[PDB]
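*Asks:* Residue numbers (the authors' numbering), protein chains in the order written: chain A, 852 to 901; chain B, 52 to 101. Even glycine gets a Cβ: it sits at the ideal position worked out from N, Cα and C.
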Amino acid sequence: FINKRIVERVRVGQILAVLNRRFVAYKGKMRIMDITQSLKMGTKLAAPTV
Amino acid sequence: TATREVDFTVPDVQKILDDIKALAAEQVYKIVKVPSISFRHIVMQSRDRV
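#1: Is residue 876 of chain A helix, strand or coil when you go by DSSP?
#2: In the DSSP output, which residue or residues are listed as bridge partners for residue 53 of chain B?
#3: Distance, Cα to Cα, residue 80 of chain B vs residue 71 of chain B?
#4: Write down the C-beta distance between residue 73 of chain B and residue 882 of chain A rounded to the nearest angstrom, noting that I regard them as a contact closer than 8 Å.
#5: Check whether the stretch 59–67 of chain B and the stretch 893–900 of chain A touch, using three or more Cβ-Cβ pairs below 8 Å as the test.
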């Protein structure tokens with residue numbers, strides 16, 4: 852006994868009845884990039900010497 | 052990055068400007084001595100109608 856719907860006999864008329872999740876996608880004309888490694892890009896300032 | 056591949060090549064503006072300048076010498080009209088034929092006739096076995 853398992854209280855889950857693993858295998859179910861489904862008519863052809865209700866094949867597409869499982870469409871209930873909202874999906875968000877991005878345009879192909881825009882870019883997505885990861886800038887995690889950009890946090891360590893920097894330079895130090897040396898003190899003047901005489 | 053994740054985007055469509057676009058080749059960021061640099062063109063030369065001199066040839067483009069020369070082509071734009073040369074485009075101003077084109078002629079949209081034309082000069083002819085006689086107009087084109089606009090009607091034709093088909094004859095049949097009759098001698099009074101075509």
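*Replies:* Reading off the structure:
#1: Residue 876 of chain A sits at position 25 when you count from the first residue of the first sequence. Three-state DSSP puts residue 876 of chain A in coil, outside helix and strand.
#2: To locate residue 53 of chain B, count along the second sequence from 1; it is residue 2. Residue 53 of chain B is bridged to A:883.
#3: Here residue 80 of chain B is taken as the residue at index 29 of the second sequence, counted from 1. Here residue 71 of chain B is taken as the residue at index 20 of the second sequence, counted from 1. Taking C-alpha positions only, residue 80 of chain B is separated from residue 71 of chain B by approximately 19 Å.
#4: Within the second sequence, numbered from 1, the residue matching residue 73 of chain B stands at position 22. Within the first sequence, numbered from 1, the residue matching residue 882 of chain A stands at position 31. With 8 Å as the limit, residue 73 of chain B and residue 882 of chain A do not qualify as a contact, their Cβ atoms being about 38 Å apart.
#5: no
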